[PDB]
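We give C-alpha cells for two forms of one protein chain below, kept apart as structure 1 and structure 2.
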Structure 1
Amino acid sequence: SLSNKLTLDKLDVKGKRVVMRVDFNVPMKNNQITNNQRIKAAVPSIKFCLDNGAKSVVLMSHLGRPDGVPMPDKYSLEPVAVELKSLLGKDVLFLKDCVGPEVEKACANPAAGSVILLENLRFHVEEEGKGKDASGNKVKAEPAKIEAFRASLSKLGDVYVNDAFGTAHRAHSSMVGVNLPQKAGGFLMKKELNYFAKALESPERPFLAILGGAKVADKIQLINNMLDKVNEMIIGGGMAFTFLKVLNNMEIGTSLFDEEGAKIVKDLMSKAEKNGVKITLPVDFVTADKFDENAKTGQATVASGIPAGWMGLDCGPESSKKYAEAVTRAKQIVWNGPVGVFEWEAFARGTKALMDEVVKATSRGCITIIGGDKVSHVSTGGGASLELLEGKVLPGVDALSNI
C-alpha cells in the first residue's frame, strides 16, 4: 500500500541531494557479479533523479553478511560501482566507507549530477543494530553509536528515497533510521508492491503457485498463506521428497528429508483439499551418487524409489510434463524457488523446462511473476518477496513519509 505514502514521482529533487537506499546485494563469485538484475532494477529511480536536476544521488546498500566488521576483501561494493557505471552511462564515484567525516565531506556539495556509491553498510554494526565478532558471538550496538550512524547517513542528502525492495523486510538503520523531512518510496519499491498486491488481492485465475526449495519446515507459513489464495500449487525441489515419503512412502535414498516438516505435511494437504487446491508433486527424478556437480547420474520414479546411497537433484521428464500441464491451465503464476539444483547443468533441465513453459505462458497473455522481458515480472525481492508472500509487513515501506 502506497496511497498515503510519499513516492518518488511526486518528490521535488531539482537542485537537491538525494540519499537513496538501494538493494545492490548481488550474487557474486570471484569478486565478479553473476547477476546484475538488482542493479538494473534501481536505474529508473536514479535516472529520474538525475533528469529532474538532482544535485547528487548517493546510493547505499549492504552486500552479503559481513556482520558489522569491515570486510572489503570479501564483500566490497566496488564491483557494483563498475557495473552501475555501464548501466547508467554516468561516472559513479565509489567511497571506501558509508559514514564518518570523509564520507560526509564528499557528499556535502557534490558536482551537479554526481552519482556516488557508498561502501557496504554492513561493515558497521550500527546498520543491523547488532553484529558478530570473529569468534561468532553476538556484538551489541550501542544506542548512542546507532544514533551517530543514522545521523551521519542523514547528512548525505537533503531528501531520502528508499528503492531497496529486496531489503524492505529489514528494520536496519539505513531503511528506517534516516532523519530527513521527506522519505519517499522509489519506482522499484512501487512497481514491486503493485505487482504483488495485484497478484495476491486481485488474481487472474486459475492462479498457480510454483514453490521450490530444500526444507519444508521453513516454508509452512508461505505454503499456508498461498493455499488460501491459489487454485493450484506445484511443490518442487528437494522439499518434495519430504511430501513423497510421507504421502506415498517413497524410498528417497540419501535425498533431503525434513524430519520436522514431515510431521505437518498432513495438515498442508488437508488445507489444500479444503480449499480445492490441486497439488502437483514430482513423479520422477534425476538422481546423483553424491551432492556434487560431477556426481554420476541416474533416473528414478516414485514407483521405483531412489536407490540407497543416491539422492534426487532434479525432477525428470514426466514431472516436467505434469508441471507443464498446471502451467498451461494457469492465467496467473507466481514462482518462488527452483525445482532442482539448476546451478549444476546435470540437474538444471527441470528448472529450464519449467522456465520454457512459463515464457510460453507469458506469450499467451498469462501473468507470470518469478522470484529473486520474457515474463511479466522478475522480482528483485528475495527474502522480502517471501516475507510479503507470508502476509508479513515491510518496515522499509512503513517508515516512508506520509502524504
Structure 2
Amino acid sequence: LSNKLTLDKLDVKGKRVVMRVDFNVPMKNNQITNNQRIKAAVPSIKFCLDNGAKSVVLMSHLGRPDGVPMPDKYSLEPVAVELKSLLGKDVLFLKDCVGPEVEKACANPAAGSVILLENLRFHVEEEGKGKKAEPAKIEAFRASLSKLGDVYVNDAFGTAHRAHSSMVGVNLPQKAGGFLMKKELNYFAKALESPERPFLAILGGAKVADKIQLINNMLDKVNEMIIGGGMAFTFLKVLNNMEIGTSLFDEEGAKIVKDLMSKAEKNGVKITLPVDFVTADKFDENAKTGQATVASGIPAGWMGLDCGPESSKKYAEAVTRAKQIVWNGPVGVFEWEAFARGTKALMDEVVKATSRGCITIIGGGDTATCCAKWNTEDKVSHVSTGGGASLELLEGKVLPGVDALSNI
C-alpha cells in the first residue's frame, strides 16, 4: 500500500465513511461459528468513530446467494448483533444495501452512527452475474453505494481478490485502504519476499473451480504442494481413473490436471495427493460413513469428505520437510466430527512445525475457523482473514480491491 491512500492519512472528521468489509463469516446451525473477520475490522471502525466520523456504513457479502435476495438463508442481520458486542456501540441494520430507503437512512445520520447494510450479493450487480449481468444497472448499483458515504474505506482483505462492484466500483474522491488490509498485505509482503525453503502450499477446502485455477502460477513459487480436501477428487479421477462417486468434481479444472502435473514435474514441485478417504452416503453431519482408498475407489452415490490415515501420514511428511507453509482449505469437512480427523491431524503437525521454527501461515474464512476450533490461533505464525486473497498474493498478483484504491 506504499503508493495507496490508507486510513491513517484519511481525514474523516465530519465525514460519512462507507466501508467495504469482509463479514462473510462461517455459519453452522444458523449461528456465527467464528467472529474473526468481524473482530478484524474493529480497529478501522473504531478509528473512524474516534476521529470524528459522522457515520460508518459497513457493507459486505455473505455466502453466494447469486444475485437473488435470500434473507432467510444469507442475511447479515446476525453480524449486526455480533458487531455490537465487539464495538461497544450499537449498530443499525438495514434490510437492503441500495437505493431510496437505504439512501435516506445513510444521507444525514446522527453523529457517530454505525450502519450495516444487507448482503450485497442479493443484487446481481455486485458480482456482475448470477443466478447474467447488465451494464447500465451495474453502473446504477455502484452510484447508489457511492451516495452512502463521503469517503470510502476498503478493509475487506478476505474479498480483495474479487473485482466486484462494492470492491472496485465505488466512485468517491478518496478511496483508502483500511488497517486490516494494511496489516495483511504487510505481513504477506514480508513473508513472501524470500520464503524459507522448502516452501509448502497446502490447498484443500471447496470452491474447487476457483482454487484449481490458482495452481498454475503457484507452481512457480512453492517447492511442494498438498492438494487435498474437495480439490483432490478432480485430480484423482483424471490421473488415476479413480471412481469418486458424488465427491466434488470440477469439469473445467479436470481439463488442465495433466498440464499442472507436467508443470509441477518441470519445476521440481512435489505434489502430495491423498491416498485414502472417509466416505459419506450424503452431504450430512449424520451421514452413514465408510472408508475408501484410491485403488478401491469411492462407491456410486457416496462422497469422500475427509482423507484417511495413510493420507495424513503423507501430509505430515510434507510438513516435516517444510520451512515455510501457506495453508488454505481444510482437508476434510472439519465442521462435522465424522469428517474432522484429517484436518485436526494436519493442524497438530503444523503446530509442531511452528514450534521447531517453521513459518506457518493459515488463511481463510473456514480454515481460520480450524484454528479457533482447536485453539491454535497463537500456535502458528499468522492466521489470515484471507484464503483465496492470500493465494493470489502467493501467485504474485496485485489484488483488485487494493488496485482500485486512491494513489497518494
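We call the rigid core the largest set of C-alpha positions that still match within 1.5 Å between the two forms. Numbers given to residues start at 1 and step along the sequence of structure 1.
- Annotation note: for the two-part rigid motion between the two structures, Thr287 and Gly383 are assigned to opposite parts based on which superposition fits each C-alpha better.
- Annotation: rigid-body hinge motion between the two structures, rotation of the minor part against the major part equal to 25 degrees.
- Core-based alignment between the two structures gives a C-alpha movement of 8.3 Å at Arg364.
- Taking the core as reference, the Cα of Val393 moves 2.6 angstrom between the two structures.
- For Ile220, the CA shift between the two structures after superposing the rigid core equals 7.5 Å.
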